[PDB]
C-alpha cells in the first residue's frame, strides 16, 4: 500500500536480491532496509520534532539511495545534490532551503556551508551505532508532505510531495508495463528528476538499479563494458544519451540481450533515434514521455511503435496520465481549440505544491484551478484527441524576417536530412535581435571530398523543408554533440565555442 511498505515488501520476500549496484559496490534489499532504518532512527533521535529538508550529497554511491530512504522514514524530504552541481549553487541551496543537515558517503568539497555535515566515516558510524534499530512507522513522510526537493538549475526548489510521487510511480509502473526483479539502468544524476523514473519503479517492483557514472561515460570502453555485464532490461535515459550509445556499433541486442523497455524523457526524441533502437533491439518497447520537474517527472506517455513512427515525422509526447489533465493556452488566458498551438499547462495531483520559499516565482507559474494545482510549463504545443505534441520552448522562439520559428522545429528538419546523425541549432544574436543561425552537425557516412559539398547538400534538402530565412547560414561539423552532466545537449557550451 504505502510507498515505503511496497518497497520494504521486497526486503522480506527477496532480501538477498541486489537493489542497487555501482561498479563493484552493491547493496541488497535487506541491506537497504537495514541501513535506511538505522539512519532514520538516528535522524529521529537527533531531530525529534523537526522535519526540515535534508541535503544528500554525492554521485552514484549506493549510500545515495540509503540516505534518501532514511530521510523520508524519519519524515524529512531529501535534497539530491550531485557532485557536478557548482559549489555556488550548492551554497545557495543550503540557504534557500532551511536544511539543517547534509549527508554524504564521500568527501564534501563545497566550502563551509551553513549546515551540519555528516560524512564519510561519520555516516558509517551511524549505520553501525544504530544497526538493528527501526524508526517510528508513524514518522514516515505522508500525504502532501514534501518527499524530495529538486532544484531547477536556472535555481528554485521544486517541492514534490508523497502524493505527487505516489501518483507518478503508480502510473509509471502500470503504463510502462514493468514487471518485477528487472535490472534498471540509472543514467541521470539524482539531482535530475529523470532518475526518479527508474529509482522508484525499480524499488517498488523489486528491481535492480545499475548505475553508470560520469567517469565511465567519459571512457566509452568502460561504459560499454559495464552495459555488457549489466543485463539491463529497463533503460531510462535522455534521448541524447541513447544517441551517443548509438554511435557505437556494438550497442545492440548482442550487448543487452534482455532489453525489454526504453523510457525517454527530458528532450525531443528524434524519430530517427527510435528507428535505430527498434533495428538494434527488435525485442524492446520504446516509450516517449514528457513533463517538467514541476509536474513530478512526466505526465504524458506513448508507446512509439512502427505505426507511430510512420504517421508522425515529429513524435508526439503522449497521452496524459488519467488522474491529471492538460490545457493549451494561447495569447491571452484563453483556452486554445484542439489542434492550435499554445502554452502547455498541467493540472492535477502530479503538480508541485510550489517552489520552496519563492513566493513571487510560484505565483507566476503556479495557479489553482477548480481546487487543484496547475502549472504553466513555458512550453509550446497542442493536443489532438488527447494526444499531446511538443513544439518547443517559448523562450527558444527565434524571430527572423519578422517571422517566429521554434528553434526545436528547425533542429527537427536538420536532423532529418541525409548525412546528418546529430544536430543542434545555435542562434547567433546581434544584440536583442537574431543575426543568423549556425548549425552544428555530426556528419554521417559520406563521400564528399570537401566540406562545402556536404554543406551544399544539406542546405538544398533543407530548402525543401524550411523557408530560406530559417536555414542556418553557417555549418560546423564535429564527431559528437556535447552533453551536460544530466545527459542533455550542452547548448551553452556550444554557443561558447562558436562565439569564440
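Positions refer to the first chain, counted from 1.
J.: At least a third of the other compared entries lacking residue 407?
T.: Comparison shows residue 407 dropped in at least a third of the other entries.
J.: Determine, among the other compared PDB entries that model residues flanking residue 433, whether at least a third leave it unmodelled.
T.: yes, residue 433 frequently unmodelled elsewhere, at least a third of entries.
J.: Pick one of none, 1 to 3, 4 to 9 or 10 or more for the number of deposited-sequence residues not modelled between residue 154 and residue 155.
T.: Some 4 to 9 residues are missing between them.
J.: Give the stretch, out of 266 to 274 and 362 to 370, with the larger mean C-alpha temperature factor in the deposited entry.
T.: For C-alpha atoms only, the mean B-factor is higher in 362 to 370.
J.: Determine, for stretches 386 to 394 and 224 to 232, which one has the higher mean CA B-factor as deposited.
T.: Higher mean C-alpha B-factor: 224 to 232.
J.: Which of these has the highest Cα B-factor in the record: 347, 94, 287, 315?
T.: Of the options given, 94 has the highest CA B-factor in the PDB entry.
J.: Among the choices 111, 352, 163, 205, identify the one whose CA B-factor in the record is greatest.
T.: That would be 111, according to the entry.
J.: Ranked by Cα temperature factor within the chain, is residue 187 in the lowest third, the middle third or the highest third?
T.: Lowest third.
J.: What third of the chain, by the recorded C-alpha B-factor, contains residue 63?
T.: Answer is lowest: the recorded C-alpha B-factor places it there.
J.: When the modelled residues of the chain are sorted by Cα temperature factor, does residue 123 land in the lowest, middle or highest third?
T.: CA B-factor rank for residue 123: middle third.
J.: Using only modelled residues of the chain, where does the Cα B factor of residue 296 rank: lowest third, middle third or highest third?
T.: It falls in the bottom third of the chain.
J.: Residue 341: which third of its chain by C-alpha temperature factor?
T.: CA B-factor rank for residue 341: middle third.
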